[PDB]
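Here you'll find one protein chain in two forms, each presented separately as structure tokens under the names structure 1 and structure 2.
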Structure 1
């Protein structure tokens, strides 16, 4: 607190009263912009939302929630409010070809606001322009790639856009370029420490000092295990494509709850049953409204993430609220290797193969500290194929699943009737991870 350094001091230690004043000003601006989108223009017309409906921050509960289903219904540009042809500079899309994915469109302002938030996060945990920042996140459509790339360049780091995979190349970059800061998912940070030992390098004696980990749920003990393996300080990083990507919520150097940047997001913790705010400090669904987005703002978006607001002031001096770890979700979505997957994406691929039966089972396991996804599917006794032909089909199933869910799964063709008789519900994901 007495010796804490801030990227934007005036905003990061802003009084709660002036912070709420800033939220209300940006909330009115966001509602007036979103009114230009075809989607929110209909929502505001149906629910009588005018430019005078929002007079306080509590007036936001007048607006209905925006769901993933509504965004799929208005795919691809139903929620675009700005001039996409003149001001639109980027699209970020979620995985899939069997269904309508999620699309977020950004203007140059939106990219700058997003890069500033990521720079604010990196600076908060002690990362400076003198640091060598390596990003092991996937690039392309994944917001983790370009998100940290623009943020680290904005801070002034010597960036190493390593991208995903190739552990031996990740270790080569750290050794040759003297990397000090690394962005990786918790499970891959353990893999890199393992590969360091395989190549005869002490993972505790590298140039690494700071680690940024997120994208998937992990315990505080898992993080402390990563800190001991690599002799580093690891910080929890939260974000999602709908909210830009990285830079949404981030731990401070106290490593106790993730500070949510309330100047760019309005945070609500909602009871998934009633749809009403939970008692202060209880676990509920995270519902978010963008406050600095102009091309495609999102109002009261149901993340389906479950968390709580941690009570008490933080010793770092920052007044922005802190959320607890995200330990689960209120929908059927699962995360493997940091990638979000829906079970229907797997089913929509399997049904295309007449050699397969309708009964399938997706099992998630931890092997050698790395996450593995196994897809068991029964064979239809209609299959008039031998071993060589069925094995060629199995490889095609792996290929079509890899293209759809963006992770390589293990496909096992099992005998008809071998898989256990389900309760008759769509619950077909058996997670066996700790």
Structure 2
């Protein structure tokens, strides 16, 4: 195994904790200068002596998206923005993250660290099909990949024909795409008469949206690549927060730059070790605008045990779904991943699907539209048998009986960005 920063990546749990505590104290002292935490810390009796251990963080209230919207745009800016601010990023009212040069360098180093871990080197041709501008994925991977030294191709979002031309003519080896756009690319290669398994592509970086392991394995087969799960959010910089190692089993969270908590969304207490809860994060290397115990609304768990790659930084499971992604139908709580985890195991089905929620008279109804695979199987009796097995397997998982419609390949809508899997018309 090769590391970008070996001394940090394989640091003992004991030394890593002392580093987190040193940086947690510094973060709280910096945050105290912002109008928001000056008031929060004052009202909750948070002083320079309040944090003596990492468990003392639980003395501080959570920071919510609502708290951030209420303090838009610069209520949480702790540093001297006029003197040291170098960038404003965005994601009703948008969320603003203000960065200093230190913050951008720390972020670029984390992205380089992530890319290096999955085997990308300066000899790689890295193409970024993420949107640029206010999108953190754009400039975040651009700076990270340049810090590593890749020959970068700043393709940006859309124009699939141009994307394929760049891969073919510039001999791209590493590609950053949202999982649903990675599938569209394989299809565009075939449309342009190129075998998607015989290109120069070797590594794919996929994140931005929840997706199953089988969806990633489908992408790996279509393009004959190794695809890696990438976790990020604007509040936490963007990309580079958590990332799979070459074991493809859990995403390593960089604990030298983040303090990770998994809380019970109801009680607000830490969940038992290894249980699903809401991911709550604290920045440990941000200076202009630190975030303390930020409630991400993302649900996941901490995967136990040390990893065979030798890294000592904890691993998180793939995101189950966001809290706002959940929908209630006939009194039952359902997540769109529960539907995807069932649909992906059928090889007769495609990758695009849509959940539609409607009211028929006074009763709510759930419709699951899923595209059929290009791989023949055009037999009504056999397809209808599979469709019945889909309703059956859904009913057992989501504990409600949905309507399932098998639709033509490419008939469902395709977004320019993250896929919208639920359309609620109630």
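Under this definition, the rigid core comprises the largest set of C-alpha atoms superposing within 1.5 Å between the forms. Residue numbers count along the first chain shown, from 1.
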> Rigid-body partition between structures 1 and 2: same part for residue 353 and residue 325?
Replying inline: no
> Roughly speaking in whole degrees, what is the angle the smaller rigid part turns by between structures 1 and 2?
Replying inline: 157
>> Once both forms are fitted on the core, what is the Cα shift for residue 331 between structures 1 and 2 in Å?
In response: 2.9
> For residue 363, what C-alpha shift in Å is seen between structures 1 and 2 once the core is overlaid?
Replying inline: 4.5
>> If the core is used for the superposition, what shift in Å does the C-alpha of residue 312 show between structures 1 and 2?
In response: 1.1
